[PDB]
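# sequence below, structure please.
(chains A, B, C, D, E, F and G)
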Amino acid sequence: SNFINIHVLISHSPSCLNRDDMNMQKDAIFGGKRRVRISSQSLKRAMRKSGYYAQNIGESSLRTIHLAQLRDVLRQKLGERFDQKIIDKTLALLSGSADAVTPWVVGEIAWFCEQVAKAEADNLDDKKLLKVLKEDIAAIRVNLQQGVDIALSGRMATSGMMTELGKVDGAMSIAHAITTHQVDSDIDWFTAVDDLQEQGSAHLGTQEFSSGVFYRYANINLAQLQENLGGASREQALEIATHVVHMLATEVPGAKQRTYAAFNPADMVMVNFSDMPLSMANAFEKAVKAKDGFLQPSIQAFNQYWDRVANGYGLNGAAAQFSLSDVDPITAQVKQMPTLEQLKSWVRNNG
Amino acid sequence: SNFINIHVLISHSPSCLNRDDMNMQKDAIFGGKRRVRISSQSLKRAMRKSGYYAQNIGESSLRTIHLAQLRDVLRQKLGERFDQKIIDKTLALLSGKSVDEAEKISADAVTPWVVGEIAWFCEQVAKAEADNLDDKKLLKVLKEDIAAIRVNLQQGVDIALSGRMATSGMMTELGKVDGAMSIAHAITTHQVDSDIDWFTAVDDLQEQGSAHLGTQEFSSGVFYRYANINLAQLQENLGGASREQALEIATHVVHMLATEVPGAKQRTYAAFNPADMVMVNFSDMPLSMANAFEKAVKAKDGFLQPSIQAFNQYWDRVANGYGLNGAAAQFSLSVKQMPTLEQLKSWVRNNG
Amino acid sequence: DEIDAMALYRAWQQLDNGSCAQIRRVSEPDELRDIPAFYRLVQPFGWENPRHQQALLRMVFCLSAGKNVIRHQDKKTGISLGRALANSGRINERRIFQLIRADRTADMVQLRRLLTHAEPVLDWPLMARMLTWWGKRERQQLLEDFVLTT
Amino acid sequence: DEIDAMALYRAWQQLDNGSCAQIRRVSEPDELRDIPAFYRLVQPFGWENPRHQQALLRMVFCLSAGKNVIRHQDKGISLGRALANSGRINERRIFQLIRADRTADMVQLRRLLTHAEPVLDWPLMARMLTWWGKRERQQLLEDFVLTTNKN
Amino acid sequence: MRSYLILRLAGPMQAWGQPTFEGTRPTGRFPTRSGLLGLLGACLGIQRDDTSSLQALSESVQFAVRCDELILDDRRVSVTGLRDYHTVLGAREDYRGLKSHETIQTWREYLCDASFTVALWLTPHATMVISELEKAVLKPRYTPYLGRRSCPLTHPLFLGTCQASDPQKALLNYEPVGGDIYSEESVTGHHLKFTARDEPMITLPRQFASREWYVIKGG
DNA sequence: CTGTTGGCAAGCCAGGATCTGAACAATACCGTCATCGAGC
DNA sequence: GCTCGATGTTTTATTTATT
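Numbering: from 1, shown residues only, chains lettered A, B, ... in the order given. Next comes the structure:
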């Protein structure tokens, strides 16, 4: 299959992990009922800026892209629109035996080739060209040393990219996190006591906060990941996928965490392969009612939903489920995992 | 490891340690059930104002919005070290507010101040105007080295642990501190239906009946305190302290989190209970155990035993599942077995 | 389908001294399940049907405040409970806050205490509807009526 | 993990006259732990499991009022509705049951059964005897008072 | 009768655009023509610079959208709207270089409890065949989503295939029936029209020309 | 080896009043337009 | 390559109910 589906159930203690311009908890109406929400961008940032990400994705081995090795395939690809003089001049001034090439690299380099061609036509060179294109070159260089970050998460907010081909979507897609149950949020009426004020406090306020059993969903386009890694292998893509699983299972937005401290890990992590990526959010369309907590009924509802619809929805294919609870499991079609690591290794070996 | 995780299970006899706008107990919905709550700000202020904190860590910062009263205080304290003018201008530079002789001068918001930090600052201001250096360039120069100012935060550790922001004045650029620690609201491990006390106030000049009839919410509870110290950040916020100093501070935080209880209604409910269970754990990234109590602890010869048991079970589930192997010591009383809190504290002092 | 609240009111009103005395000394709504006189009171008003059970527990508690504490007075909507509590002029606003913020069973105790203090004149079937539902909306409405009236 | 009530009812109704005669002879439920025929009866119903065994003590003690006393019907009629339907019991006696302490409650229940000879749904009553506690006493009184007052 | 390809666009949140050049990113009630062309274009492996096959898809396919009310436990659930306060840290200050703003703001609208059923057919001079479109929606190359990448699908894109006279009958074959149908092809007893500006000007990247749906109400 | 049956289970009457239900002080700030040319 | 500062423009709609 081409897609990796990652499903996570994770329970948070009383906190406020994502708010709006009125400092109110982000929410969403699902199944006619209010669910507390953690926005996709907040979750994905929580991943992308994390230390784990920086160590395993940021400092990856396929990180650096060498323009040297890319000379030939570039030479043909752009060879139809540009001639080898301009191509090699461009490549050499940028840098100062590869099979395929990442599309955004081809695009940006092609733009640079347009620029140097138009630079030769007008009759110009030297520090003139190298001052007009100083910032641009700096940009493309910094990006050329961040290939895995760009392949997985997409180009940064301020990238320097200049072509339609340089609009790099991430390989991973992260849905908004929503609670599996209805939530009426709590209010914290707080005071700020002045050490110089005898009567009363110096400030008064309220803070909205709530517990919640969240359902995170994310999927990974393997093909696109390989292709954006310069034609890497399925296995390397599966390593990256392993990392994504880990982060989606452990990483939590730092919003309001200094004071509410909801540092909780996932109680359930499932991964399955498919040709069509699907969210199991409809397992909670009818809001989960609490029976000795919201966690167990949530996992149970997830399992029952999968058992009901997985066959018809064409979700046949490799599927593993790491879990901390002892709730009745899924169909036997899903391979049970006792540690997260065994699940990640299950992912490494193509399922 | 960079993170010190402090877990506390503490039982309180009937009391009311934290209430809201309508004098009712603070609570929180967890796992579909109501838990009594002690807010984190209450815990932090209870700690920073404690005798233990005063004896072992130092002076708590001075949090205020009243800049005039502050002006007067600083004048009274930094008077024999600086001339009044310099003190005034320094306050006026840090706050962004004009400090004259007004009866009432108000800052942008309640802000924590460290007297020593202010002293250092007005040293800098003195040496600034003496060298004919205007205020903007002074801001640049001071912006070039923030560690010193953070050693001035060594004189106000609660700001190094809990943080500080300012929206106006040079503080905006220089006093921006991200808290080192991190702490959760204390919630009970079980469902609570709070009791109500129907009381009367008897008048000694009124033979017939009472002079006041009223109600007061209260309850018993087995609270779960959690607090991890970030450590590298504690070193940064203290101006570049050693890991030993940060570890010792963390130790004091363990002792306080284990023993300190807000004074709310304690002169009439007196729930002076120490923690029955305390556990400290070193880890690469923070880990809270609140999901041990997501399913509310059902009573069984008390709420405390099943709470501790549930805590241990979930701890093992998490450690086995995520393969966590950071050093850990538990002190129990009902991973380590700590006959005494002191052994656990020394164990923490010694990097685990 | 809907509980005849006035019939329950008159029923409670012409109840013998004994049965009444037995229902009155209850200290929380659920305890009314221990009193036979209660069942004999609410049986003709649909008690053997659960929804009615909860509603009737609330109603009969509020009535159990006493025979002469809730004065029904016909419509000229009709005097709502909040309005009545304010009209008494005996009840502090803070107590109304503490009432509408309270949780299950506690809310009914506090309400009965308020009723005992105010001795409100109100449209009883109206308050009966309120007690039937008693969601968060109803409690907020209680508070806001009380405020607007003062 | 529940005791098959109907199976126990059938087991009692089919039991030899001698053994059941030996069982009826007991004066209070604990004494049943001294009769062999008792164990011989409640053995295929998990007497080995303690909770089950207290439950079984009560159930058998009620079944030992007679053998034709409790006419098991089938939808269901509760114990309260049944004792009320007999018309032979006055409310004060029901109170004298639900207020009685340990063991004595069972005796009073036995006498009430002998007296009323109720037609009821046995498994329901069995469930009641299993969780014999404040809720079942309460619902007993509820059913009795309601059924009585309807007549 | 012609061959139709029936699709399903369900998920907790969706986003179907309206004209904008601002931080506000608005949503329509039902899927936009350009949004659908983009969904299909994502199922196929079409890059953003491949204007050729982009235009081929645009000139091969026409749509018909039906709005499906969510029924839950016999109770109807109406489509709600959602406003997302979406900030961006370190956002590009200009279209080149590396200078950036500390924080910038956006406001993005989503549809909640929304689900649609799309009927798809071929123009008289189309290039592709519904077979390969079926293969595409069964095994997409790029990740398909409902407007925005943060909007996953909870039901498989493929719902079915059938033959029929008009899109209304084709859609009649698939529950839940009764939703309002907005089609690019007229239908006899119906004359309403829904103007919109979602016909993607392709030769002019990211631009939009005017067009009109044929509105056909449900019973 | 063998363990029983009938007949019977109550009524009267009674549940209170007095009087009381608080006050004060305090609810923040920043940024998320742009222009130009100058000084640095 | 900037930070500086003065500057193009313009706002107001109320005021007692009852699922």
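
# quick one, what contacts residue A:180?
Contact partners of residue A:180, counting by CB atoms under 8 Å, 6 or more residues apart in numbering or on different chains, are A:9, A:35, A:213, A:214, A:215, A:283, A:284, A:287, A:288, A:294, A:298, A:301. C-betas here are computed from N, CA, C, even on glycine.

# now do residue A:154
A:168, A:169, A:170.

# and the gap between the first one and chain B?
Read it as residue A:168. Residue A:168 sits 29 Å away from chain B, going by CB to the nearest CB, to the nearest Å.

# correct me, but that residue touches residue A:161?
Yes: counting by CB atoms under 8 Å, residue A:161 is a contact partner of residue A:168 at 7.1 Å.

# need the residues touching each of these two.
Both residue A:168 and residue A:161 are in contact with A:104, A:155, where contact means CB under 8 Å, 6+ apart.

# more crowded one of the two?
Neighbour totals were compared for residue A:168 and residue A:161, and residue A:161 leads with 24 against 21 (other CB atoms under 10 Å in any protein chain shown).

# name the SS class of that one, please.
At residue A:161 the chain is in coil, as set by DSSP: H, G, I helix; E, B strand; the rest coil.

# now it: phi and psi?
phi -50, psi 140 (degrees, to the nearest 10).

# which one is residue C:81 nearest to, not counting chain neighbours?
Counting by CB to CB, 6 or more residues apart in numbering or on different chains, the nearest residue to residue C:81 once its immediate chain neighbours are dropped is residue C:127, at 4.7 Å.

# same thing with residue A:71?
Distances taken as CB to CB, 6+ apart place residue A:91 nearest to residue A:71, at 6.2 Å, with adjacent residues excluded.

# and the helix or strand hosting that neighbour, how far from the chain's centre?
Assigned by DSSP states H and E, residue A:91 falls within helix A:84-95. Centroid separation for helix A:84-95 versus its chain: 34 Å, with CA atoms, centre = their mean, to the nearest Å.

# tell me what it is packed against?
On a contact count with 3 or more CB pairs under 8 Å, 6 or more residues apart in numbering or on different chains; DSSP states H and E, helix A:84-95 meets helix A:71-77, helix A:103-121, helix A:134-144.

# hmm, try it at 7 Å
Of the remaining helices and strands, those touching helix A:84-95 by 3 or more CB pairs under 7 Å, 6 or more residues apart in numbering or on different chains; DSSP states H and E are helix A:71-77, helix A:103-121.

# with only the CA atoms kept, save the shortest one in CSV.
Extracted in CSV, the C-alpha atoms of helix A:71-77 (Å, rounded to 0.1, in the frame of the first residue of the first chain):
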residue,chain,number,x,y,z
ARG,A,71,24.4,17.2,-12.1
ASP,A,72,23.4,14.7,-14.8
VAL,A,73,19.7,14.2,-14.1
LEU,A,74,19.5,18.0,-13.7
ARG,A,75,21.4,18.3,-17.0
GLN,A,76,18.7,16.4,-18.9
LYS,A,77,15.6,17.6,-17.0
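
# how about the strands in chain A?
A:3-15, A:27-30, A:33-38, A:172-174, A:177-179, A:186-192, A:203-221, A:266-274, A:319-323, A:335-337 (DSSP state E).

# got it, and chain C?
Under the criterion DSSP E, chain C contains strands at C:71-72, C:121-122.

# and chain E, which residues reach chain A?
Selection of chain E residues close to chain A by CB under 7 Å from any CB of the partner chain yields E:11-13, E:47-49, E:72, E:77, E:80, E:82, E:84-86, E:88, E:90-92, E:96-98, E:100, E:112-113, E:138-143, E:145, E:149-154, E:156-157, E:205.

# do that again at 6 Å, thanks
Listed as neighbours of chain A in chain E under the rule CB under 6 Å from any CB of the partner chain: E:12, E:48-49, E:72, E:77, E:80, E:82, E:85, E:88, E:90-92, E:96-98, E:100, E:112, E:139, E:143, E:149-150, E:152-154, E:156.
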